$ cat coords-v5.txt   # compact mmCIF, N, CA and C atoms and all ligand atoms
# COMPACT_ATOMS: atom_id res chain seq x y z
N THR A 883 82.10 38.35 85.85
CA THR A 883 81.38 37.25 86.48
C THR A 883 80.91 37.55 87.89
N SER A 884 81.60 38.39 88.63
CA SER A 884 81.21 38.66 90.00
C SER A 884 81.15 40.14 90.33
N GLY A 885 81.28 41.02 89.36
CA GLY A 885 81.14 42.44 89.62
C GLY A 885 82.23 42.98 90.51
N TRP A 886 81.87 43.53 91.66
CA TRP A 886 82.84 44.10 92.58
C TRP A 886 82.98 43.31 93.86
N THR A 887 82.40 42.13 93.95
CA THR A 887 82.42 41.41 95.21
C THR A 887 83.77 40.77 95.49
N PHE A 888 84.52 40.40 94.46
CA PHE A 888 85.78 39.72 94.68
C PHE A 888 86.85 40.64 95.23
N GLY A 889 86.67 41.96 95.14
CA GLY A 889 87.63 42.88 95.72
C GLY A 889 87.46 43.12 97.20
N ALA A 890 86.39 42.61 97.79
CA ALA A 890 86.13 42.77 99.21
C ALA A 890 86.10 41.45 99.97
N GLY A 891 86.32 40.33 99.30
CA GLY A 891 86.21 39.04 99.92
C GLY A 891 86.21 37.95 98.88
N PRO A 892 85.33 36.97 99.07
CA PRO A 892 85.17 35.88 98.10
C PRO A 892 84.43 36.40 96.88
N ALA A 893 84.72 35.83 95.71
CA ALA A 893 83.98 36.15 94.50
C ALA A 893 82.61 35.50 94.54
N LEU A 894 81.57 36.30 94.37
CA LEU A 894 80.19 35.83 94.42
C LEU A 894 79.60 35.97 93.04
N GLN A 895 79.26 34.85 92.42
CA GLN A 895 78.69 34.90 91.09
C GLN A 895 77.28 35.47 91.11
N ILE A 896 76.94 36.18 90.04
CA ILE A 896 75.61 36.70 89.80
C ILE A 896 75.51 36.84 88.29
N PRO A 897 74.37 36.59 87.64
CA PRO A 897 74.29 36.79 86.19
C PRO A 897 74.61 38.23 85.79
N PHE A 898 75.27 38.39 84.64
CA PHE A 898 75.77 39.71 84.26
C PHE A 898 74.65 40.71 84.01
N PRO A 899 73.57 40.28 83.37
CA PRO A 899 72.41 41.14 83.14
C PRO A 899 71.91 41.74 84.46
N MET A 900 71.98 40.96 85.54
CA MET A 900 71.61 41.45 86.85
C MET A 900 72.67 42.37 87.44
N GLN A 901 73.92 42.17 87.06
CA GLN A 901 74.97 43.08 87.48
C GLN A 901 74.75 44.48 86.90
N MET A 902 74.38 44.54 85.63
CA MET A 902 74.13 45.81 84.97
C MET A 902 72.94 46.54 85.57
N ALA A 903 71.91 45.80 85.95
CA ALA A 903 70.74 46.39 86.58
C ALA A 903 71.04 47.01 87.94
N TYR A 904 71.89 46.38 88.75
CA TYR A 904 72.33 47.01 90.00
C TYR A 904 73.10 48.29 89.74
N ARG A 905 73.91 48.30 88.69
CA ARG A 905 74.71 49.47 88.37
C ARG A 905 73.85 50.65 87.94
N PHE A 906 72.76 50.41 87.21
CA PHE A 906 71.83 51.50 86.95
C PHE A 906 71.14 51.98 88.22
N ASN A 907 70.81 51.07 89.13
CA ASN A 907 70.24 51.46 90.40
C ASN A 907 71.16 52.35 91.21
N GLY A 908 72.47 52.12 91.13
CA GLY A 908 73.41 52.92 91.88
C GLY A 908 73.46 54.36 91.43
N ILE A 909 73.03 54.63 90.20
CA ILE A 909 73.00 56.00 89.70
C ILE A 909 71.61 56.60 89.73
N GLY A 910 70.66 55.96 90.40
CA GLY A 910 69.34 56.51 90.53
C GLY A 910 68.37 56.20 89.42
N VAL A 911 68.59 55.14 88.67
CA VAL A 911 67.67 54.71 87.64
C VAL A 911 67.03 53.42 88.11
N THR A 912 65.73 53.32 87.91
CA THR A 912 64.98 52.18 88.39
C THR A 912 65.33 50.96 87.56
N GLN A 913 65.42 49.81 88.22
CA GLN A 913 66.05 48.67 87.57
C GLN A 913 65.24 48.04 86.45
N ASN A 914 63.96 48.36 86.30
CA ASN A 914 63.22 47.81 85.17
C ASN A 914 63.66 48.38 83.84
N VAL A 915 64.37 49.51 83.83
CA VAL A 915 64.81 50.11 82.58
C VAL A 915 65.73 49.16 81.84
N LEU A 916 66.55 48.40 82.56
CA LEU A 916 67.38 47.40 81.90
C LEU A 916 66.58 46.15 81.55
N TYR A 917 65.81 45.63 82.49
CA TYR A 917 65.23 44.32 82.29
C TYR A 917 64.24 44.31 81.14
N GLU A 918 63.57 45.42 80.88
CA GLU A 918 62.65 45.51 79.77
C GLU A 918 63.32 45.92 78.47
N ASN A 919 64.58 46.33 78.52
CA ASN A 919 65.30 46.82 77.35
C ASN A 919 66.67 46.17 77.22
N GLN A 920 66.83 44.99 77.82
CA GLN A 920 68.12 44.29 77.82
C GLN A 920 68.75 44.17 76.44
N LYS A 921 67.98 43.80 75.42
CA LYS A 921 68.55 43.64 74.09
C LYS A 921 69.04 44.96 73.51
N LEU A 922 68.30 46.03 73.73
CA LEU A 922 68.69 47.33 73.19
C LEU A 922 70.00 47.80 73.80
N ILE A 923 70.16 47.66 75.11
CA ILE A 923 71.36 48.15 75.77
C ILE A 923 72.57 47.33 75.37
N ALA A 924 72.42 46.01 75.28
CA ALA A 924 73.50 45.14 74.86
C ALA A 924 73.94 45.39 73.42
N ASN A 925 73.00 45.56 72.49
CA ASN A 925 73.34 45.89 71.11
C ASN A 925 73.97 47.27 70.97
N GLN A 926 73.42 48.28 71.64
CA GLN A 926 74.05 49.59 71.60
C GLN A 926 75.42 49.61 72.23
N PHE A 927 75.61 48.91 73.35
CA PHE A 927 76.94 48.81 73.92
C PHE A 927 77.93 48.21 72.92
N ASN A 928 77.55 47.10 72.28
CA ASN A 928 78.47 46.38 71.42
C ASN A 928 78.99 47.25 70.28
N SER A 929 78.13 48.07 69.69
CA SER A 929 78.62 49.03 68.70
C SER A 929 79.46 50.13 69.33
N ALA A 930 79.07 50.64 70.50
CA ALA A 930 79.83 51.73 71.11
C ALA A 930 81.25 51.31 71.46
N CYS B 1126 54.44 40.85 82.44
CA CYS B 1126 55.49 39.85 82.52
C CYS B 1126 55.68 39.10 81.21
N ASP B 1127 55.83 39.83 80.10
CA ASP B 1127 56.17 39.22 78.82
C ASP B 1127 57.29 39.92 78.07
N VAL B 1128 57.98 40.89 78.67
CA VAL B 1128 59.12 41.52 78.04
C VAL B 1128 60.45 41.16 78.71
N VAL B 1129 60.48 41.00 80.03
CA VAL B 1129 61.70 40.63 80.74
C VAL B 1129 62.04 39.19 80.43
N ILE B 1130 63.32 38.88 80.24
CA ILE B 1130 63.73 37.53 79.91
C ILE B 1130 64.28 36.87 81.16
N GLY B 1131 63.69 35.75 81.54
CA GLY B 1131 64.03 35.07 82.75
C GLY B 1131 62.98 35.08 83.83
N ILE B 1132 61.80 35.66 83.58
CA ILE B 1132 60.75 35.72 84.59
C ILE B 1132 60.37 34.31 85.03
N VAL B 1133 60.02 34.16 86.30
CA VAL B 1133 59.47 32.91 86.78
C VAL B 1133 58.10 33.17 87.36
N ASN B 1134 57.28 32.12 87.37
CA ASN B 1134 55.93 32.16 87.88
C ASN B 1134 55.93 31.78 89.35
N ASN B 1135 55.32 32.61 90.18
CA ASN B 1135 55.26 32.36 91.61
C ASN B 1135 54.12 33.19 92.17
N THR B 1136 53.74 32.88 93.39
CA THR B 1136 52.67 33.61 94.06
C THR B 1136 53.26 34.75 94.89
N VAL B 1137 52.63 35.91 94.78
CA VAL B 1137 52.98 37.08 95.55
C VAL B 1137 51.89 37.28 96.58
N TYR B 1138 52.26 37.26 97.85
CA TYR B 1138 51.31 37.29 98.94
C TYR B 1138 50.98 38.72 99.33
N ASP B 1139 49.71 39.04 99.32
CA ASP B 1139 49.19 40.30 99.81
C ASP B 1139 48.63 40.12 101.21
N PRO B 1140 49.17 40.82 102.21
CA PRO B 1140 48.69 40.60 103.58
C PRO B 1140 47.29 41.14 103.85
N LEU B 1141 46.84 42.14 103.11
CA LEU B 1141 45.55 42.76 103.35
C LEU B 1141 44.39 41.85 102.97
N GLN B 1142 44.45 41.29 101.76
CA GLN B 1142 43.38 40.47 101.19
C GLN B 1142 42.83 39.40 102.14
N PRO B 1143 43.65 38.53 102.73
CA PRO B 1143 43.07 37.50 103.61
C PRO B 1143 42.39 38.08 104.84
N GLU B 1144 43.14 38.89 105.59
CA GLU B 1144 42.63 39.46 106.83
C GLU B 1144 41.40 40.32 106.59
N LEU B 1145 41.47 41.17 105.57
CA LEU B 1145 40.35 42.02 105.19
C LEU B 1145 39.13 41.19 104.83
N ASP B 1146 39.35 40.11 104.08
CA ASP B 1146 38.25 39.25 103.65
C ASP B 1146 38.17 37.97 104.48
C1 LIG A 1201 53.64 31.25 83.61
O1 LIG A 1201 52.21 31.37 83.71
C2 LIG A 1201 51.54 31.72 82.49
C3 LIG A 1201 50.07 31.85 82.81
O2 LIG A 1201 49.52 30.63 83.29
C4 LIG A 1201 51.83 30.68 81.42
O3 LIG A 1201 51.22 31.06 80.20
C5 LIG A 1201 50.55 29.94 79.59
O4 LIG A 1201 51.47 29.02 78.99
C6 LIG A 1201 50.84 27.89 78.37
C7 LIG A 1201 51.94 27.01 77.85
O5 LIG A 1201 52.81 26.58 78.90
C8 LIG A 1201 49.88 28.36 77.27
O6 LIG A 1201 49.19 27.24 76.75
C9 LIG A 1201 48.89 29.37 77.82
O7 LIG A 1201 48.11 29.92 76.76
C10 LIG A 1201 49.62 30.50 78.53
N1 LIG A 1201 48.68 31.45 79.10
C11 LIG A 1201 48.61 32.72 78.71
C12 LIG A 1201 47.59 33.57 79.40
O8 LIG A 1201 49.34 33.16 77.84
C13 LIG A 1201 53.33 30.56 81.23
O9 LIG A 1201 53.64 29.56 80.27
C14 LIG A 1201 53.99 30.21 82.56
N2 LIG A 1201 55.43 30.08 82.38
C15 LIG A 1201 56.07 28.93 82.59
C16 LIG A 1201 57.55 28.96 82.38
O10 LIG A 1201 55.48 27.92 82.96
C1 LIG A 1202 70.17 30.48 79.89
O1 LIG A 1202 70.96 29.72 79.01
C2 LIG A 1202 70.31 28.50 78.64
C3 LIG A 1202 71.33 27.68 77.89
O2 LIG A 1202 72.46 27.40 78.70
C4 LIG A 1202 69.08 28.83 77.82
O3 LIG A 1202 68.43 27.61 77.46
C5 LIG A 1202 68.14 29.72 78.62
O4 LIG A 1202 67.08 30.16 77.78
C6 LIG A 1202 68.89 30.93 79.17
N1 LIG A 1202 68.04 31.69 80.08
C7 LIG A 1202 67.69 32.96 79.86
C8 LIG A 1202 66.81 33.59 80.89
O5 LIG A 1202 68.05 33.58 78.87
$ encode --input "coords-v5.txt" --output "structure tokens"
Amino acid sequence: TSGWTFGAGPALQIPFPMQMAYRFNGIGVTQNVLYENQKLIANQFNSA
Amino acid sequence: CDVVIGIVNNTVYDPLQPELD
């Protein structure tokens, strides 16, 4: 629900789909890769 | 803007267009 913000202070809510997009950005992938493929990543994750 | 889910409609301001024109 809040990613990593609650470990440094107050828990700050953000939608999870947006949490995943920041995480791809942290590894050098542009954030539209998730937003345009949200269903594919969620379905592939669920099987994995 | 027809593949991302959750898009909202809003105006994006370009600073060049007004001043230039
Ligand atoms: C965001 O703006 C677009 C463009 O004006 C809207 O698309 C129109 O939506 C109406 C129905 O609400 C349709 O009758 C039109 O044919 C659509 N236009 C096009 C070019 O497809 C879109 O609905 C807006 N989104 C919201 C949430 O209001
Ligand atoms: C968010 O969930 C509501 C139902 O609580 C739904 O109607 C809406 O379409 C959802 N928004 C997005 C962007 O999926």
$ closest_atom_pairs --input "coords-v5.txt" --of "chain B" --to "ligand LIG 1202 (chain A)" --cutoff "10 Å" --atoms "only C-alpha atoms and all ligand atoms" --output "tab-separated table"
residue	atom	partner	partner_atom	distance
B:1129	CA	A:LIG1202	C8	8.7
B:1130	CA	A:LIG1202	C8	5.1
B:1131	CA	A:LIG1202	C8	3.7
B:1132	CA	A:LIG1202	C8	7.4
B:1133	CA	A:LIG1202	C8	9.4
$ interface_residues --input "coords-v5.txt" --of "chain A" --to "chain B" --cutoff "7 Å" --atoms "only N, CA and C atoms" --output "short mmCIF file (atom, residue, chain, number, x, y, z; two decimals) with N, CA and C atoms, keeping the file's coordinate frame"
data_model
loop_
_atom_site.label_atom_id
_atom_site.label_comp_id
_atom_site.auth_asym_id
_atom_site.auth_seq_id
_atom_site.Cartn_x
_atom_site.Cartn_y
_atom_site.Cartn_z
N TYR A 917 65.81 45.63 82.49
CA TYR A 917 65.23 44.32 82.29
C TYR A 917 64.24 44.31 81.14
N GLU A 918 63.57 45.42 80.88
CA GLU A 918 62.65 45.51 79.77
C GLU A 918 63.32 45.92 78.47
N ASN A 919 64.58 46.33 78.52
CA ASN A 919 65.30 46.82 77.35
C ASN A 919 66.67 46.17 77.22
#
$ atom_distance --input "coords-v5.txt" --atom1 "atom N of residue 895 (chain A)" --atom2 "atom C of residue 883 (chain A)"
5.5 Å
$ atom_distance --input "coords-v5.txt" --atom1 "atom C of residue 894 (chain A)" --atom2 "atom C1 of ligand LIG 1201 (chain A)"
28.0 Å
$ axis_aligned_box --input "coords-v5.txt" --around "region 906-922 of chain A" --padding-each-side "4 Å" --output "AutoDock Vina command-line options"
--center_x 68.1 --center_y 50.1 --center_z 82.5 --size_x 18.8 --size_y 21.0 --size_z 26.7
$ select_by_dssp --input "coords-v5.txt" --residues "chain B" --states "helix (DSSP H, G or I)" --output "ChimeraX atom specification"
/B:1141-1145
$ atom_distance --input "coords-v5.txt" --atom1 "atom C3 of ligand LIG 1201 (chain A)" --atom2 "atom C of residue 914 (chain A)"
21.4 Å
$ build_atoms --input "coords-v5.txt" --residues "region 904-915 of chain A" --atoms "N, CA, C and O atoms" --output "PDB file, keeping the file's coordinate frame"
ATOM      1  N   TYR A 904      71.890  46.380  88.750  1.00  0.00           N
ATOM      2  CA  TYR A 904      72.330  47.010  90.000  1.00  0.00           C
ATOM      3  C   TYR A 904      73.100  48.290  89.740  1.00  0.00           C
ATOM      4  O   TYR A 904      73.024  49.229  90.523  1.00  0.00           O
ATOM      5  N   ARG A 905      73.910  48.300  88.690  1.00  0.00           N
ATOM      6  CA  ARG A 905      74.710  49.470  88.370  1.00  0.00           C
ATOM      7  C   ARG A 905      73.850  50.650  87.940  1.00  0.00           C
ATOM      8  O   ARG A 905      74.198  51.787  88.232  1.00  0.00           O
ATOM      9  N   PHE A 906      72.760  50.410  87.210  1.00  0.00           N
ATOM     10  CA  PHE A 906      71.830  51.500  86.950  1.00  0.00           C
ATOM     11  C   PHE A 906      71.140  51.980  88.220  1.00  0.00           C
ATOM     12  O   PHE A 906      70.922  53.173  88.375  1.00  0.00           O
ATOM     13  N   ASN A 907      70.810  51.070  89.130  1.00  0.00           N
ATOM     14  CA  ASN A 907      70.240  51.460  90.400  1.00  0.00           C
ATOM     15  C   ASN A 907      71.160  52.350  91.210  1.00  0.00           C
ATOM     16  O   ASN A 907      70.679  53.200  91.950  1.00  0.00           O
ATOM     17  N   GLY A 908      72.470  52.120  91.130  1.00  0.00           N
ATOM     18  CA  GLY A 908      73.410  52.920  91.880  1.00  0.00           C
ATOM     19  C   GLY A 908      73.460  54.360  91.430  1.00  0.00           C
ATOM     20  O   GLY A 908      73.890  55.232  92.172  1.00  0.00           O
ATOM     21  N   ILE A 909      73.030  54.630  90.200  1.00  0.00           N
ATOM     22  CA  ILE A 909      73.000  56.000  89.700  1.00  0.00           C
ATOM     23  C   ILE A 909      71.610  56.600  89.730  1.00  0.00           C
ATOM     24  O   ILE A 909      71.391  57.654  89.125  1.00  0.00           O
ATOM     25  N   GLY A 910      70.660  55.960  90.400  1.00  0.00           N
ATOM     26  CA  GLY A 910      69.340  56.510  90.530  1.00  0.00           C
ATOM     27  C   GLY A 910      68.370  56.200  89.420  1.00  0.00           C
ATOM     28  O   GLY A 910      67.411  56.940  89.220  1.00  0.00           O
ATOM     29  N   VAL A 911      68.590  55.140  88.670  1.00  0.00           N
ATOM     30  CA  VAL A 911      67.670  54.710  87.640  1.00  0.00           C
ATOM     31  C   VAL A 911      67.030  53.420  88.110  1.00  0.00           C
ATOM     32  O   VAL A 911      67.664  52.547  88.680  1.00  0.00           O
ATOM     33  N   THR A 912      65.730  53.320  87.910  1.00  0.00           N
ATOM     34  CA  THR A 912      64.980  52.180  88.390  1.00  0.00           C
ATOM     35  C   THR A 912      65.330  50.960  87.560  1.00  0.00           C
ATOM     36  O   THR A 912      65.572  51.052  86.363  1.00  0.00           O
ATOM     37  N   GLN A 913      65.420  49.810  88.220  1.00  0.00           N
ATOM     38  CA  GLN A 913      66.050  48.670  87.570  1.00  0.00           C
ATOM     39  C   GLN A 913      65.240  48.040  86.450  1.00  0.00           C
ATOM     40  O   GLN A 913      65.788  47.232  85.705  1.00  0.00           O
ATOM     41  N   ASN A 914      63.960  48.360  86.300  1.00  0.00           N
ATOM     42  CA  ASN A 914      63.220  47.810  85.170  1.00  0.00           C
ATOM     43  C   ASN A 914      63.660  48.380  83.840  1.00  0.00           C
ATOM     44  O   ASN A 914      63.324  47.803  82.804  1.00  0.00           O
ATOM     45  N   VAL A 915      64.370  49.510  83.830  1.00  0.00           N
ATOM     46  CA  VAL A 915      64.810  50.110  82.580  1.00  0.00           C
ATOM     47  C   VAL A 915      65.730  49.160  81.840  1.00  0.00           C
ATOM     48  O   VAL A 915      65.712  49.102  80.616  1.00  0.00           O
TER      49      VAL A 915
END
